[PDB]
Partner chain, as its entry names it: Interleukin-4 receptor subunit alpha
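Just one chain follows, in the form deposited without the partner chain, and it is written as structure tokens.
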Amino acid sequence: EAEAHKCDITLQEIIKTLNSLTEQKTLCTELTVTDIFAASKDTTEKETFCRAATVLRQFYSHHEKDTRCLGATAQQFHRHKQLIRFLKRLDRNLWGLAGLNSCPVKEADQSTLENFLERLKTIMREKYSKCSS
């Protein structure tokens, strides 16, 4: 089924979705998140995708039905379901390519969902330029 590669087209749409996840960078990113980009000795690109894929998992399960991220507006609701569908999509498109179920992401200080979403985009733009071989 593969022809050229599974990193130019698939991962490409995964990067665009990455920037879309930074739309709610104010009320939903006020909580926190492990800093996987705080001390990365020498992990792999597929291991980094699964790690951030687990953190994103809990982000689309509870924060989608939590009131802390809801707010208090009729338009904020219709816009919320939009970020929940884009996030759950990247959940399988990020690690689905990695190939690693076990992903112990419980070793890091309490970073912020903001600085983490920024380092997520950057990491996808410089690391995605090394999938070919």
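Residue numbers count along the first chain shown, from 1.
Heads up, the form solved in complex with the partner chain isn't pictured, but that's what we're talking about next.
In the deposited bound form, at least one heavy atom of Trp95 sits within 4.5 Å of a heavy atom of the partner chain. In the deposited bound form, at least one heavy atom of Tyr60 sits within 4.5 Å of the partner chain. Taking the partner chain as positioned in the deposited bound form, the residues of 15 to 35 that bring a heavy atom within 4.5 Å of it are, in sequence order, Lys16, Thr17.
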